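Student: Sending over a structure as structure tokens; questions will come in a sec.
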There are 2 protein chains.
Amino acid sequence: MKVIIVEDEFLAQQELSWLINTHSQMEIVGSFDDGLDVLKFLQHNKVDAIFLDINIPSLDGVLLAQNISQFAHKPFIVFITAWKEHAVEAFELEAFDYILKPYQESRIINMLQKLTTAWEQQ
Amino acid sequence: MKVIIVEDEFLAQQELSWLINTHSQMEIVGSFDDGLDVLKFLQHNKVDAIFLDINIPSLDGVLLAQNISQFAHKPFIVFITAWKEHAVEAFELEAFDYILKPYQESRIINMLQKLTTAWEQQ
């Protein structure tokens with residue numbers, strides 16, 4: 001299962017990489033601080049799920065997820081953010097989840113288990 | 001497929017029930033204007049889906065949906081509401097959708113179809 005993290009804050013992404021590597025067999029295939037990088041990355045790579053915050057550079061996380069959700073064989077989309085204002089837009093684009101920061105290991109851990117199964121099932 | 005509508009407000013419940021009757025095969029087993037009457041009704045009837053707004057007498061839409069989501073063989077839950085602030089909670093309880101009022105007819109119609117499919121898959 002290939003995934004990327006789109007998180008402008010080092011501690012946040014460093015944080016998230018750890019729970020994924022420990023609690024799943026997911027291959028994190030990339031991490032990003034810039035929205036444009038992810039755009040460029042996505043033309044030449046096909047991923048299974050993306051974890052993203054929103055207030056990220058060049059191209060914010062809603063636009064990005066909106067765009068990605070138009071893709072054929074699109075990845076799962078999981079927002080992990082301190083801001084609660086974009087959850088409605090997230091329902092509109094059919095996000096897998098919207099996790100508020102600060103979060104608890106178990107929120108993240110159960111989502112990861114749900115997400116693994118959802119990928120499996122498809 | 002048996003469904004209930006939970007809506008304070010006559011024109012809104014008429015609109016939504018017209019949409020359901022017209023663009024789906026679902027059966028409206030009941031329309032409730034009060035959260036407690038729903039929780040009682042649910043003690044003697046099993047439903048496949050519930051459509052609800054949030055600011056409803058006696059027992060709020062969020063607490064109700066949280067409760068119902070604990071059930072075995074839980075119905076799908078779909079918020080249809082003018083209030084934007086509860087969509088993070090709706091993700092936490094794993095709502096099927098969360099649609100802002102005023103809505104376009106097509107928003108409802110596409111959701112019914114996606115809802116029908118998810119139910120059949122189930």
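Each chain of the structure tokens is named A, B, ... in the order shown, its residues numbered from 1; ligands are numbered from 1 in display order.
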If you run DSSP on the backbone, which residues of range 1-110 of chain A are strand (DSSP E), as number ranges by chain?
Tutor: A: 2-6, 27-32, 49-52, 76-81, 97-100
Student: Taking only C-alpha atoms into account, report as a list in words which residues of chain B lie within 9 Å of chain A.
Tutor: residues 84, 85, 86, 87, 88, 90, 91, 92, 94, 96, 97, 98, 99 and 100 of chain B
Student: Least-squares superpose chain A on chain B across all ordered C-alpha pairs, then write out what you get as a PDB file with C-alpha atoms, in the first residue's frame.
Tutor:
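result08.pdb, written as the output of this step:
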```
ATOM      1  CA  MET A   1     -34.988   0.025   2.313  1.00  0.00           C
ATOM      2  CA  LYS A   2     -36.529   1.670   5.383  1.00  0.00           C
ATOM      3  CA  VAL A   3     -35.620   5.214   6.293  1.00  0.00           C
ATOM      4  CA  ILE A   4     -36.758   8.007   8.607  1.00  0.00           C
ATOM      5  CA  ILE A   5     -36.437  11.792   8.382  1.00  0.00           C
ATOM      6  CA  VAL A   6     -35.717  13.744  11.519  1.00  0.00           C
ATOM      7  CA  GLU A   7     -36.471  17.323  10.598  1.00  0.00           C
ATOM      8  CA  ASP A   8     -38.111  19.965  12.824  1.00  0.00           C
ATOM      9  CA  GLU A   9     -39.098  22.168   9.855  1.00  0.00           C
ATOM     10  CA  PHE A  10     -42.174  21.170   7.869  1.00  0.00           C
ATOM     11  CA  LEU A  11     -41.067  22.584   4.512  1.00  0.00           C
ATOM     12  CA  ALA A  12     -37.619  20.983   4.829  1.00  0.00           C
ATOM     13  CA  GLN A  13     -39.063  17.479   5.558  1.00  0.00           C
ATOM     14  CA  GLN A  14     -41.877  17.913   3.090  1.00  0.00           C
ATOM     15  CA  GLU A  15     -39.109  18.854   0.633  1.00  0.00           C
ATOM     16  CA  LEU A  16     -36.954  15.784   1.379  1.00  0.00           C
ATOM     17  CA  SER A  17     -39.756  13.216   1.345  1.00  0.00           C
ATOM     18  CA  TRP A  18     -40.393  14.181  -2.287  1.00  0.00           C
ATOM     19  CA  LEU A  19     -36.872  13.574  -3.684  1.00  0.00           C
ATOM     20  CA  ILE A  20     -36.720  10.216  -1.865  1.00  0.00           C
ATOM     21  CA  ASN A  21     -40.116   9.001  -3.058  1.00  0.00           C
ATOM     22  CA  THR A  22     -39.311  10.181  -6.627  1.00  0.00           C
ATOM     23  CA  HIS A  23     -35.646   9.218  -6.993  1.00  0.00           C
ATOM     24  CA  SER A  24     -35.399   5.963  -5.030  1.00  0.00           C
ATOM     25  CA  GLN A  25     -37.303   2.834  -4.077  1.00  0.00           C
ATOM     26  CA  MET A  26     -36.921   3.711  -0.401  1.00  0.00           C
ATOM     27  CA  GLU A  27     -39.844   3.243   1.954  1.00  0.00           C
ATOM     28  CA  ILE A  28     -39.973   6.214   4.275  1.00  0.00           C
ATOM     29  CA  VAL A  29     -41.275   4.477   7.328  1.00  0.00           C
ATOM     30  CA  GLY A  30     -41.420   7.587   9.531  1.00  0.00           C
ATOM     31  CA  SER A  31     -40.736  11.316  10.004  1.00  0.00           C
ATOM     32  CA  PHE A  32     -40.152  13.171  13.264  1.00  0.00           C
ATOM     33  CA  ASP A  33     -39.920  16.625  14.814  1.00  0.00           C
ATOM     34  CA  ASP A  34     -38.752  15.339  18.188  1.00  0.00           C
ATOM     35  CA  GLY A  35     -35.518  13.511  19.126  1.00  0.00           C
ATOM     36  CA  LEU A  36     -37.225  11.434  21.845  1.00  0.00           C
ATOM     37  CA  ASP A  37     -39.797  10.127  19.380  1.00  0.00           C
ATOM     38  CA  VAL A  38     -36.984   8.757  17.257  1.00  0.00           C
ATOM     39  CA  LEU A  39     -35.439   7.147  20.326  1.00  0.00           C
ATOM     40  CA  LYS A  40     -38.768   5.516  21.240  1.00  0.00           C
ATOM     41  CA  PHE A  41     -39.387   4.608  17.576  1.00  0.00           C
ATOM     42  CA  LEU A  42     -35.986   2.853  17.287  1.00  0.00           C
ATOM     43  CA  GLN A  43     -36.624   0.326  20.095  1.00  0.00           C
ATOM     44  CA  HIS A  44     -39.502  -1.272  18.199  1.00  0.00           C
ATOM     45  CA  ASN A  45     -38.351  -0.656  14.586  1.00  0.00           C
ATOM     46  CA  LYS A  46     -35.190  -1.330  12.659  1.00  0.00           C
ATOM     47  CA  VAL A  47     -34.303   1.097   9.856  1.00  0.00           C
ATOM     48  CA  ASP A  48     -31.709   1.086   7.086  1.00  0.00           C
ATOM     49  CA  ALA A  49     -30.807   4.825   6.955  1.00  0.00           C
ATOM     50  CA  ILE A  50     -31.632   7.996   8.860  1.00  0.00           C
ATOM     51  CA  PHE A  51     -31.688  11.633   7.500  1.00  0.00           C
ATOM     52  CA  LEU A  52     -31.478  14.175  10.162  1.00  0.00           C
ATOM     53  CA  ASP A  53     -30.942  17.819  10.908  1.00  0.00           C
ATOM     54  CA  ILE A  54     -29.260  18.710  14.209  1.00  0.00           C
ATOM     55  CA  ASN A  55     -30.996  21.484  16.123  1.00  0.00           C
ATOM     56  CA  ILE A  56     -33.933  19.183  16.927  1.00  0.00           C
ATOM     57  CA  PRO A  57     -36.010  18.941  20.178  1.00  0.00           C
ATOM     58  CA  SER A  58     -35.411  16.788  23.314  1.00  0.00           C
ATOM     59  CA  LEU A  59     -32.387  14.997  21.915  1.00  0.00           C
ATOM     60  CA  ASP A  60     -30.316  16.932  19.312  1.00  0.00           C
ATOM     61  CA  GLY A  61     -29.177  15.214  16.088  1.00  0.00           C
ATOM     62  CA  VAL A  62     -25.510  14.666  16.999  1.00  0.00           C
ATOM     63  CA  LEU A  63     -26.257  12.820  20.297  1.00  0.00           C
ATOM     64  CA  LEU A  64     -28.882  10.833  18.433  1.00  0.00           C
ATOM     65  CA  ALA A  65     -26.552   9.855  15.567  1.00  0.00           C
ATOM     66  CA  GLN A  66     -23.734   9.161  18.069  1.00  0.00           C
ATOM     67  CA  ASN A  67     -26.082   6.881  19.958  1.00  0.00           C
ATOM     68  CA  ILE A  68     -27.388   5.156  16.825  1.00  0.00           C
ATOM     69  CA  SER A  69     -23.903   4.637  15.551  1.00  0.00           C
ATOM     70  CA  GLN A  70     -23.275   2.340  18.528  1.00  0.00           C
ATOM     71  CA  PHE A  71     -26.065   0.004  17.287  1.00  0.00           C
ATOM     72  CA  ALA A  72     -25.566  -3.509  15.904  1.00  0.00           C
ATOM     73  CA  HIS A  73     -26.470  -3.537  12.225  1.00  0.00           C
ATOM     74  CA  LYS A  74     -26.649   0.293  12.514  1.00  0.00           C
ATOM     75  CA  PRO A  75     -28.367   2.383   9.782  1.00  0.00           C
ATOM     76  CA  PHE A  76     -26.591   4.761   7.432  1.00  0.00           C
ATOM     77  CA  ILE A  77     -26.431   8.244   8.845  1.00  0.00           C
ATOM     78  CA  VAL A  78     -26.841  11.306   6.596  1.00  0.00           C
ATOM     79  CA  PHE A  79     -26.907  14.767   8.007  1.00  0.00           C
ATOM     80  CA  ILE A  80     -28.867  17.462   6.055  1.00  0.00           C
ATOM     81  CA  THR A  81     -28.448  20.764   7.874  1.00  0.00           C
ATOM     82  CA  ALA A  82     -27.911  24.560   7.532  1.00  0.00           C
ATOM     83  CA  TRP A  83     -25.151  24.437  10.188  1.00  0.00           C
ATOM     84  CA  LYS A  84     -21.555  23.549   9.174  1.00  0.00           C
ATOM     85  CA  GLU A  85     -20.147  23.221  12.718  1.00  0.00           C
ATOM     86  CA  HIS A  86     -20.805  19.494  13.314  1.00  0.00           C
ATOM     87  CA  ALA A  87     -19.088  17.911  10.283  1.00  0.00           C
ATOM     88  CA  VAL A  88     -15.985  16.931  12.232  1.00  0.00           C
ATOM     89  CA  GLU A  89     -18.228  15.118  14.811  1.00  0.00           C
ATOM     90  CA  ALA A  90     -19.952  13.583  11.863  1.00  0.00           C
ATOM     91  CA  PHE A  91     -16.672  12.166  10.527  1.00  0.00           C
ATOM     92  CA  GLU A  92     -15.951  10.935  14.084  1.00  0.00           C
ATOM     93  CA  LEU A  93     -19.216   8.892  14.155  1.00  0.00           C
ATOM     94  CA  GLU A  94     -18.728   7.733  10.571  1.00  0.00           C
ATOM     95  CA  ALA A  95     -21.687   9.549   8.904  1.00  0.00           C
ATOM     96  CA  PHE A  96     -22.466   8.603   5.345  1.00  0.00           C
ATOM     97  CA  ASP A  97     -22.704  12.285   4.276  1.00  0.00           C
ATOM     98  CA  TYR A  98     -23.158  15.773   5.515  1.00  0.00           C
ATOM     99  CA  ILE A  99     -25.250  17.920   3.118  1.00  0.00           C
ATOM    100  CA  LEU A 100     -25.520  21.672   3.710  1.00  0.00           C
ATOM    101  CA  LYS A 101     -28.848  23.561   3.310  1.00  0.00           C
ATOM    102  CA  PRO A 102     -29.692  25.120   0.939  1.00  0.00           C
ATOM    103  CA  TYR A 103     -28.953  22.098  -1.244  1.00  0.00           C
ATOM    104  CA  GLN A 104     -29.436  21.268  -4.918  1.00  0.00           C
ATOM    105  CA  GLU A 105     -31.633  18.436  -6.192  1.00  0.00           C
ATOM    106  CA  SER A 106     -28.486  16.762  -7.620  1.00  0.00           C
ATOM    107  CA  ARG A 107     -26.512  16.686  -4.319  1.00  0.00           C
ATOM    108  CA  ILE A 108     -29.556  14.939  -2.834  1.00  0.00           C
ATOM    109  CA  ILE A 109     -30.122  12.813  -5.950  1.00  0.00           C
ATOM    110  CA  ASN A 110     -26.558  11.548  -6.221  1.00  0.00           C
ATOM    111  CA  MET A 111     -26.292  10.851  -2.448  1.00  0.00           C
ATOM    112  CA  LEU A 112     -29.491   8.824  -2.796  1.00  0.00           C
ATOM    113  CA  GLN A 113     -27.933   6.803  -5.609  1.00  0.00           C
ATOM    114  CA  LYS A 114     -24.674   6.257  -3.727  1.00  0.00           C
ATOM    115  CA  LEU A 115     -26.732   5.306  -0.643  1.00  0.00           C
ATOM    116  CA  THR A 116     -28.923   2.788  -2.484  1.00  0.00           C
ATOM    117  CA  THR A 117     -25.776   1.076  -3.823  1.00  0.00           C
ATOM    118  CA  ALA A 118     -24.071   1.104  -0.400  1.00  0.00           C
ATOM    119  CA  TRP A 119     -27.119  -0.623   1.091  1.00  0.00           C
ATOM    120  CA  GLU A 120     -27.267  -3.070  -1.804  1.00  0.00           C
ATOM    121  CA  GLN A 121     -23.594  -3.870  -1.336  1.00  0.00           C
ATOM    122  CA  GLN A 122     -24.017  -4.791   2.331  1.00  0.00           C
TER     123      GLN A 122
END
```
Student: Chain A: which residues are alpha helix (DSSP H) by DSSP, as a PyMOL selection string?
Tutor: chain A and resi 10-23+35-44+61-68+87-92+105-121
